[PDB]
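A.B. asks: Encoded as structure tokens, here's the structure I'll be asking about.
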Amino acid sequence: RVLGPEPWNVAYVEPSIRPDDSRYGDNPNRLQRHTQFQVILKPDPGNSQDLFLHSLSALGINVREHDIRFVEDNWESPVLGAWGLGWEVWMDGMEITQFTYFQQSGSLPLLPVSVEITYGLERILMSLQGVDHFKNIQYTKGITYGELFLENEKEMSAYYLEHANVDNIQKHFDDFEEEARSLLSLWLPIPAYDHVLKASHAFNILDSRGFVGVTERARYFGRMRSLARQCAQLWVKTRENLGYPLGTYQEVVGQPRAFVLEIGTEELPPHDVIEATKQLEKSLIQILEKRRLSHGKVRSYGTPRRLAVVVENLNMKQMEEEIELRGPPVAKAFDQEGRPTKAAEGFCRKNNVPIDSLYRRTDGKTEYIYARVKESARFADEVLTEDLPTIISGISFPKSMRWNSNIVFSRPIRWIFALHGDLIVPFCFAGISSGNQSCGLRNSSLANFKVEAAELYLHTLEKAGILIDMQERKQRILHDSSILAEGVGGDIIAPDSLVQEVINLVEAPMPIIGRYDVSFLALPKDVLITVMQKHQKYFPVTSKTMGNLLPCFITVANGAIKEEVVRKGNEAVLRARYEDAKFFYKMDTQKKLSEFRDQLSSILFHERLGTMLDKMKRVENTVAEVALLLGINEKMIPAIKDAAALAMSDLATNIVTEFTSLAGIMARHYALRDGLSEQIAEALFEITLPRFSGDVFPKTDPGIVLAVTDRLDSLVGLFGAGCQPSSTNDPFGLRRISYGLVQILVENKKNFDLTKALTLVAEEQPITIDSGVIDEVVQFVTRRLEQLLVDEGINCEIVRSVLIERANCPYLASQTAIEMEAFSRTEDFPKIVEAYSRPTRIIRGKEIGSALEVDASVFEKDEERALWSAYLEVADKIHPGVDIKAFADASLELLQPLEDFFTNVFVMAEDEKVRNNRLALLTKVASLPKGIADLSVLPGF
RNA sequence: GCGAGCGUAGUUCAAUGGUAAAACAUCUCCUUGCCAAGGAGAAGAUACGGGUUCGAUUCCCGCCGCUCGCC
């Protein structure tokens, strides 16, 4: 009932049962059956998030005292085929509610869009009551929540988890599927959807029991997606054959003054402020001067809910000067006794100057009749009315919404404040008429004010608390955090990829210190800081003497905050996330690390080639040779192989399934603790480097072998088994995987062979690899090397004349392409590029049959006896792997006997048989540079 | 999967509302001949389709290819 034109304001309460989250009722947060509260509003009323905050203080919360935050989180579900954009609501660190605008459902777009608010009533009641474990929540006066739902939590888990008969469910799945597919032919949507409901249930208690393998999930999701995809198209029609019984949705001259334009919004993401406070100022800078208007210091600003721009002392009229303008040539328009044909009139009509006010000028060919024009001063406030809406509509985001019309933006626009001097610039955009009002800090005494003159805008804004200048929020975060961190004895850890995302989550910052327990310090350091940074957005604190962690953290509130309830509320969320990660860790140190391999066989890699255990199986059997292609020392080929079986073992651990960014850290941590060598453990970490664009590369010796051998397999397998990247679409990430393999080499001084390693790591795969499909992987790698090499300030014509035969070993190519440009800029390049061109053109094909023929059989020539000597004494130096400088000094002395041979000897055949000496003697001199550079492409030939 | 930027002789690049320029390559004519080099001349392009305007390579829409970020 969100599909159609039908208005549907409704709100209900329902439990929700998901069995794979059943944990016998012991961990205080996860339940197999939890109550929700759902409210859907269609159409969107407009107050849709000022009714929410009345709801909160209705259920007894003090919203001027706690810290309510709208942190963005999109929503998508492919099974139903729906998605939407919106936020989640953090009260004092706890995520309590989701808030979404819908845009797809089934597979047909929505009109009008719906608003979905979904409270979760057991994560709210533990916070509002000071309780850590759900079985202490007071249900009513006298009875507890545990004493009602505990054994249902306890023994429905044993059913969904161990004793669920798993074939009388595999049959019921297909039975329900068939019945729902049949009742979609008598045109009955209601039961034909209830059967989809009770089939997608029976799939969950299959998945929980583990009976679903790894390759059946892609089939089950498909089987059940096209049932919801085609119940929708039946419902939306059976509605309209009734006639929609619930209505239908249809719809002056003076000195210069400043000019300020703000576009209020609802909370934008943290990185849609940065890429939208630029393509607005640029798009304004252009159009201010395109229309002949002069100004001064233009300056942008940003906040999660406004995007302001200020242009100072803007003009009051256009510049109003007369400019020349030339039109069509005298050939097209002008003619003898036929001057106005069809073009002269079109050239004067759009300019309305009289037709006898034209003259001629030597415009190249003394043509292009023309005249003058006027600029038409237009008061600088009726100009902007025409050009602002196309400014504001210009900004473009990757993800975008619709709320009440077909206009698209990233979040709904709520107010527009655009003024100039004292007067308002009047226009309208997306149903909002511009004015001079603005909302300050929400839920304050200045939640609505009006600014009179545009020169006291900023001074009024920061009179309501807001700090809009983005670069003066960083300096009030990182400078009131230091006093706190030094009051306890330490200092903060602020990677500037976290400050750029803490700045744009706040409007008027306020920092607070908090304490967590000391007995959590036994965890690894890089799980503490990852909990405190990548999920909660806190600041850790490290004692600057003996620089390890302390039991403190720093959090950033927003506004007029009680700062006695928010510290106490934040201290008790990462007393729970730590308390879960500690249980996971203690469950992971129960077994030696070498046993976590045999769980790997339940992670999919690719369908027709398999899991991850087989892939890591196909690497121990080849990492004993890629250490010979790289020329690794002999006394380390043992110490690599035992660190190759343990590789990628931590990917089945309990932690790494929860914190999927610690793949690689929590393998070295276990390995060192188990009692391996140091270099084994350190190599167990760089099988993952680099993880993205711009990360450290493997430096140790056994760290390169594995990081190369993995990237060879994930290339040859994915290529020779269907998934080729031939598209703009990038599945399986075949671009960065191929890009990193050349950086691990050019950054590490290694000599490799791309056409021998790919003839040996393809031999192993399960599917057959023919010699033709590895000749495209070499090209897909060489193009990536060329792109890496061009954008280092290199010239484009030399990197295509070294990559013809030095393209195999990616280090020597990147070595000899930088060393060739510096030689190309010196004044010996035109001597050599010609010296080698006189004997490669002259031999464009004359049936040289006797292959070698270089002999003194009959060499009765004069200059031959002095040319072949030079060829031998240079060819004795140039070996197939020499550098470019020995070449560039060994050909300069060969260039002279060339012009002493061509001067006299008549190479072409005046005799019948003996004219092949004179041909081979130049074929050889032409072929010497085969292996160093392909000299027949460079210009100047 | 979505966005962003691009497409001009054979290769590299200037221009813009209305006679699309130059470099290297190609061709012909020269002759201390066949190669090279110095000289004159000639031919050669806006990926494709649609829209307004008198005229679009330029402004608008749609299709094809390429490069790059996220998934």
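We name chains A, B, ... following the order of the structure tokens; residues begin at 1 in each chain, and ligands are numbered from 1 as shown.
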So that I can check the surroundings of stretch 40-49 of chain B, please list as number ranges by chain every protein, DNA and RNA residue that reaches within 9 Å of it, counting only C-alpha atoms (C1' of nucleotides) and ignoring chain neighbours fewer than 2 positions away.
C.D. replies: B: 7-10, 20, 27-30, 57, 62-65
A.B. asks: Quick one: which residues from chain A are at most 8 Å off chain B, using only C-alpha atoms (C1' of nucleotides), as a JSON list (two decimals) with C-alpha atoms, in the first residue's frame?
C.D. replies:
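Output below, filename selection-v5.json:
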[["chain", "number", "residue", "atom", "x", "y", "z"],
["A", 327, "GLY", "CA", 29.23, 37.68, -38.59],
["A", 328, "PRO", "CA", 29.12, 35.76, -41.86],
["A", 329, "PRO", "CA", 31.69, 36.23, -44.65],
["A", 331, "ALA", "CA", 30.63, 35.20, -49.71],
["A", 342, "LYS", "CA", 19.14, 35.27, -46.40],
["A", 343, "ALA", "CA", 22.14, 35.60, -44.12],
["A", 345, "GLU", "CA", 19.05, 39.79, -42.76],
["A", 346, "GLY", "CA", 19.50, 37.05, -40.18],
["A", 397, "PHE", "CA", 25.45, 14.51, -6.69],
["A", 398, "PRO", "CA", 25.96, 10.75, -7.10],
["A", 729, "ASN", "CA", 30.88, -1.78, -15.29],
["A", 834, "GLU", "CA", 67.94, 9.77, -38.67],
["A", 837, "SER", "CA", 66.23, 5.64, -40.64],
["A", 838, "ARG", "CA", 68.45, 5.69, -43.65],
["A", 839, "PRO", "CA", 68.79, 1.84, -43.68],
["A", 841, "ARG", "CA", 63.33, 2.74, -45.24],
["A", 842, "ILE", "CA", 65.69, 1.87, -48.11],
["A", 902, "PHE", "CA", 75.50, 5.50, -48.90],
["A", 906, "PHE", "CA", 74.96, 1.72, -55.30],
["A", 907, "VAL", "CA", 73.05, -0.79, -53.21],
["A", 908, "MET", "CA", 70.42, -1.65, -55.79],
["A", 939, "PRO", "CA", 58.30, 11.66, -34.88],
["A", 940, "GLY", "CA", 61.09, 13.38, -36.74]]
A.B. asks: Taking the backbone alone, and naming residues the way the document does, which bits of stretch 36-112 of chain A are strand (DSSP E or B) by DSSP, as a ChimeraX atom specification?
C.D. replies: /A:36-41,68-72,75-77,82-91,94-105,108-109
A.B. asks: Rounded to one decimal in Å, what is the spacing between atom CA of residue A:903 and atom CA of residue A:852?
C.D. replies: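 These two atoms are separated by 24.1 Å.
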A.B. asks: Residues near residue A:207, anyone? I mean within 9 Å using only C-alpha atoms (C1' of nucleotides), not counting same-chain ones fewer than 4 positions away, as a PyMOL selection string.
C.D. replies: chain A and resi 19-20+202-203+211-213+217
A.B. asks: Can you list, as a ChimeraX atom specification, all residues belonging to stretch 656-755 of chain A that DSSP tags as helix (DSSP H, G or I)?
C.D. replies: /A:656-658,665-674,678-683,701-719,736-746,754-755
A.B. asks: For the residues in the current selection, export N, CA and C atoms as a compact mmCIF listing (two decimals), in the first residue's frame.
C.D. replies:
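Saved result, selection09.txt, follows:
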# COMPACT_ATOMS: atom_id res chain seq x y z
N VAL A 656 37.11 -11.04 12.62
CA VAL A 656 37.17 -10.52 11.26
C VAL A 656 35.85 -10.62 10.51
N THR A 657 34.92 -11.47 10.96
CA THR A 657 33.58 -11.42 10.39
C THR A 657 32.81 -10.22 10.92
N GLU A 658 33.17 -9.74 12.11
CA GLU A 658 32.50 -8.57 12.67
C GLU A 658 33.18 -7.28 12.22
N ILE A 665 45.49 -7.61 10.01
CA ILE A 665 46.02 -7.26 11.32
C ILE A 665 45.85 -8.42 12.29
N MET A 666 44.62 -8.90 12.41
CA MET A 666 44.27 -9.99 13.30
C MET A 666 44.67 -11.33 12.74
N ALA A 667 45.59 -11.37 11.78
CA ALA A 667 46.32 -12.59 11.48
C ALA A 667 47.74 -12.53 12.02
N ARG A 668 48.40 -11.39 11.88
CA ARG A 668 49.71 -11.23 12.50
C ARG A 668 49.61 -11.26 14.01
N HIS A 669 48.55 -10.67 14.57
CA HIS A 669 48.42 -10.70 16.03
C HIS A 669 48.32 -12.11 16.57
N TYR A 670 47.59 -12.99 15.89
CA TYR A 670 47.50 -14.38 16.31
C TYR A 670 48.78 -15.13 16.03
N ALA A 671 49.39 -14.89 14.87
CA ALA A 671 50.60 -15.63 14.52
C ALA A 671 51.72 -15.36 15.50
N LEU A 672 52.01 -14.09 15.79
CA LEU A 672 53.07 -13.80 16.75
C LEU A 672 52.78 -14.42 18.10
N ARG A 673 51.53 -14.35 18.54
CA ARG A 673 51.16 -14.90 19.84
C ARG A 673 51.30 -16.41 19.88
N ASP A 674 51.14 -17.08 18.74
CA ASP A 674 51.25 -18.53 18.72
C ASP A 674 52.69 -19.01 18.87
N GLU A 678 59.46 -14.05 13.56
CA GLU A 678 58.94 -12.71 13.36
C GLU A 678 58.61 -12.47 11.90
N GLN A 679 59.49 -12.88 10.98
CA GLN A 679 59.29 -12.57 9.57
C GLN A 679 58.13 -13.36 8.99
N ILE A 680 57.83 -14.53 9.53
CA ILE A 680 56.62 -15.25 9.13
C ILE A 680 55.39 -14.43 9.46
N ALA A 681 55.30 -13.95 10.70
CA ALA A 681 54.14 -13.17 11.08
C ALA A 681 54.04 -11.88 10.29
N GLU A 682 55.17 -11.20 10.08
CA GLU A 682 55.13 -9.96 9.33
C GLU A 682 54.71 -10.20 7.88
N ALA A 683 55.15 -11.31 7.29
CA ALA A 683 54.70 -11.65 5.95
C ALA A 683 53.24 -12.03 5.91
N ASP A 701 61.17 -9.29 2.33
CA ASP A 701 61.47 -10.16 1.21
C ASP A 701 60.38 -11.20 0.98
N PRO A 702 59.96 -11.98 1.98
CA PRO A 702 58.85 -12.92 1.75
C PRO A 702 57.49 -12.27 1.74
N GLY A 703 57.41 -10.94 1.82
CA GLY A 703 56.14 -10.27 1.69
C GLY A 703 55.76 -9.95 0.26
N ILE A 704 56.73 -9.96 -0.65
CA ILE A 704 56.43 -9.68 -2.04
C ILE A 704 55.95 -10.94 -2.74
N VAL A 705 56.58 -12.08 -2.45
CA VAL A 705 56.25 -13.31 -3.14
C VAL A 705 54.76 -13.58 -3.07
N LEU A 706 54.17 -13.46 -1.88
CA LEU A 706 52.78 -13.84 -1.70
C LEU A 706 51.84 -12.78 -2.25
N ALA A 707 52.17 -11.50 -2.07
CA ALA A 707 51.31 -10.45 -2.60
C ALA A 707 51.34 -10.41 -4.12
N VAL A 708 52.35 -11.00 -4.74
CA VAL A 708 52.37 -11.13 -6.19
C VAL A 708 51.66 -12.40 -6.63
N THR A 709 51.89 -13.51 -5.92
CA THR A 709 51.28 -14.77 -6.33
C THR A 709 49.77 -14.75 -6.18
N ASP A 710 49.24 -14.01 -5.20
CA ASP A 710 47.79 -13.89 -5.09
C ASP A 710 47.21 -13.13 -6.27
N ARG A 711 47.83 -12.02 -6.63
CA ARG A 711 47.32 -11.16 -7.68
C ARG A 711 47.49 -11.76 -9.05
N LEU A 712 48.40 -12.72 -9.21
CA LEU A 712 48.43 -13.45 -10.47
C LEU A 712 47.23 -14.38 -10.60
N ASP A 713 46.88 -15.09 -9.53
CA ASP A 713 45.74 -16.00 -9.60
C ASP A 713 44.44 -15.24 -9.78
N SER A 714 44.18 -14.24 -8.95
CA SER A 714 42.88 -13.58 -9.06
C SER A 714 42.71 -12.90 -10.41
N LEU A 715 43.79 -12.74 -11.18
CA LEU A 715 43.72 -12.25 -12.55
C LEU A 715 43.46 -13.39 -13.53
N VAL A 716 44.33 -14.40 -13.54
CA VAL A 716 44.20 -15.42 -14.56
C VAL A 716 42.93 -16.22 -14.41
N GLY A 717 42.50 -16.51 -13.19
CA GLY A 717 41.27 -17.23 -13.00
C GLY A 717 40.06 -16.42 -13.43
N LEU A 718 39.91 -15.21 -12.90
CA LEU A 718 38.75 -14.42 -13.25
C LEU A 718 38.71 -14.09 -14.74
N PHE A 719 39.87 -14.01 -15.38
CA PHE A 719 39.88 -13.73 -16.81
C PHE A 719 39.49 -14.97 -17.61
N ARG A 736 41.96 -2.32 -10.02
CA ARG A 736 42.96 -2.09 -8.99
C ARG A 736 43.79 -3.33 -8.72
N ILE A 737 43.21 -4.51 -8.89
CA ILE A 737 43.98 -5.74 -8.73
C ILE A 737 45.10 -5.80 -9.77
N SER A 738 44.82 -5.33 -10.98
CA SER A 738 45.83 -5.31 -12.03
C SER A 738 46.75 -4.11 -11.92
N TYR A 739 46.30 -3.06 -11.23
CA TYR A 739 47.11 -1.86 -11.07
C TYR A 739 48.13 -2.02 -9.96
N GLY A 740 47.83 -2.80 -8.94
CA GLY A 740 48.74 -2.95 -7.83
C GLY A 740 49.91 -3.85 -8.15
N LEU A 741 49.69 -4.78 -9.08
CA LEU A 741 50.75 -5.73 -9.41
C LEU A 741 51.93 -5.05 -10.08
N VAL A 742 51.72 -3.91 -10.73
CA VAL A 742 52.84 -3.20 -11.34
C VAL A 742 53.51 -2.24 -10.37
N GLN A 743 52.77 -1.73 -9.39
CA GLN A 743 53.38 -0.90 -8.37
C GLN A 743 54.21 -1.69 -7.38
N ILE A 744 53.81 -2.92 -7.05
CA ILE A 744 54.64 -3.71 -6.17
C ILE A 744 56.00 -3.96 -6.80
N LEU A 745 56.11 -3.79 -8.12
CA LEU A 745 57.36 -4.03 -8.82
C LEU A 745 58.15 -2.76 -9.09
N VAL A 746 57.52 -1.74 -9.67
CA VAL A 746 58.28 -0.54 -10.01
C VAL A 746 58.72 0.20 -8.77
N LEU A 754 56.48 -11.15 -17.21
CA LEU A 754 55.03 -11.29 -17.24
C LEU A 754 54.54 -12.39 -18.17
N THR A 755 55.35 -12.84 -19.12
CA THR A 755 54.89 -13.86 -20.04
C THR A 755 55.38 -15.26 -19.69
A.B. asks: List the neighbours of residue A:561 out to 12 Å using only C-alpha atoms (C1' of nucleotides); skip same-chain residues closer than 3 positions along the sequence, and give me the result as a PyMOL selection string.
C.D. replies: chain A and resi 62-68+92+443-444+508-512+556-558+564-567
A.B. asks: Those residues you just picked out, can you put them in a file as a compact mmCIF listing (two decimals), in the first residue's frame with N, CA, C and O atoms?
C.D. replies:
# COMPACT_ATOMS: atom_id res chain seq x y z
N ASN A 62 13.68 14.43 27.22
CA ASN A 62 13.94 15.86 27.31
C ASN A 62 14.86 16.25 26.17
O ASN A 62 16.08 16.12 26.29
N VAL A 63 14.29 16.75 25.08
CA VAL A 63 15.06 16.89 23.86
C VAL A 63 15.95 18.12 23.85
O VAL A 63 16.79 18.26 22.96
N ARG A 64 15.80 19.02 24.82
CA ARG A 64 16.72 20.14 24.98
C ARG A 64 17.94 19.77 25.80
O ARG A 64 18.78 20.64 26.05
N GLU A 65 18.04 18.54 26.22
CA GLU A 65 19.03 18.11 27.20
C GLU A 65 19.93 17.00 26.70
O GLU A 65 21.11 16.99 27.02
N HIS A 66 19.40 16.07 25.92
CA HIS A 66 20.18 14.99 25.35
C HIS A 66 20.79 15.47 24.05
O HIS A 66 20.75 16.65 23.73
N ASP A 67 21.34 14.55 23.27
CA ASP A 67 22.03 14.88 22.03
C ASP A 67 21.47 14.04 20.90
O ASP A 67 21.87 12.88 20.73
N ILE A 68 20.58 14.62 20.11
CA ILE A 68 19.92 13.92 19.01
C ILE A 68 20.66 14.25 17.72
O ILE A 68 20.81 15.42 17.37
N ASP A 92 22.53 10.17 22.21
CA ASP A 92 23.63 9.89 23.13
C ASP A 92 24.42 8.67 22.70
O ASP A 92 24.71 7.79 23.50
N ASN A 443 15.68 23.86 17.83
CA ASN A 443 15.13 23.77 19.18
C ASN A 443 15.84 24.74 20.12
O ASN A 443 16.37 24.37 21.17
N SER A 444 15.84 26.01 19.72
CA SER A 444 16.39 27.09 20.52
C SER A 444 15.43 28.27 20.43
O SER A 444 14.36 28.18 19.83
N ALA A 508 27.66 23.38 15.97
CA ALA A 508 28.30 24.18 17.01
C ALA A 508 29.01 23.23 17.98
O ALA A 508 28.42 22.83 18.99
N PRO A 509 30.26 22.89 17.72
CA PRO A 509 30.90 21.79 18.45
C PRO A 509 31.13 22.08 19.93
O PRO A 509 31.19 23.22 20.37
N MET A 510 31.22 20.99 20.70
CA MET A 510 31.47 20.99 22.14
C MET A 510 32.07 19.66 22.59
O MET A 510 31.37 18.65 22.60
N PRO A 511 33.35 19.60 22.96
CA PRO A 511 33.97 18.30 23.28
C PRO A 511 33.91 17.91 24.75
O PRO A 511 33.89 18.75 25.65
N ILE A 512 33.90 16.59 24.98
CA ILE A 512 33.75 15.99 26.31
C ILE A 512 34.66 14.78 26.43
O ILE A 512 34.77 13.99 25.49
N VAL A 556 32.30 14.58 20.58
CA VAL A 556 31.96 15.92 20.11
C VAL A 556 30.44 16.04 20.09
O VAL A 556 29.78 15.53 19.18
N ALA A 557 29.88 16.75 21.07
CA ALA A 557 28.45 16.98 21.15
C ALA A 557 28.04 18.06 20.17
O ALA A 557 28.83 18.43 19.30
N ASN A 558 26.81 18.58 20.28
CA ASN A 558 26.33 19.57 19.31
C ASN A 558 25.27 20.45 19.96
O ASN A 558 24.10 20.08 19.99
N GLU A 564 26.34 16.51 31.33
CA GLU A 564 26.39 15.58 32.45
C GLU A 564 25.62 14.32 32.16
O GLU A 564 25.88 13.29 32.79
N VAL A 565 24.66 14.38 31.25
CA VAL A 565 23.95 13.21 30.78
C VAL A 565 24.59 12.65 29.52
O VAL A 565 24.57 11.44 29.31
N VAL A 566 25.20 13.49 28.69
CA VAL A 566 25.74 12.96 27.45
C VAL A 566 27.03 12.19 27.69
O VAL A 566 27.28 11.18 27.03
N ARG A 567 27.87 12.62 28.63
CA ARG A 567 29.04 11.83 28.97
C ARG A 567 28.64 10.50 29.57
O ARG A 567 29.21 9.45 29.25
A.B. asks: Rounded to one decimal, what separation in Å do you get between atom CA of residue A:410 and atom CA of residue A:89?
C.D. replies: 18.3 Å
A.B. asks: Calculate how many Å separate atom CA of residue A:157 from atom CA of residue A:200, rounding to one decimal.
C.D. replies: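 Separation of atom CA of residue A:157 and atom CA of residue A:200: 18.6 Å.
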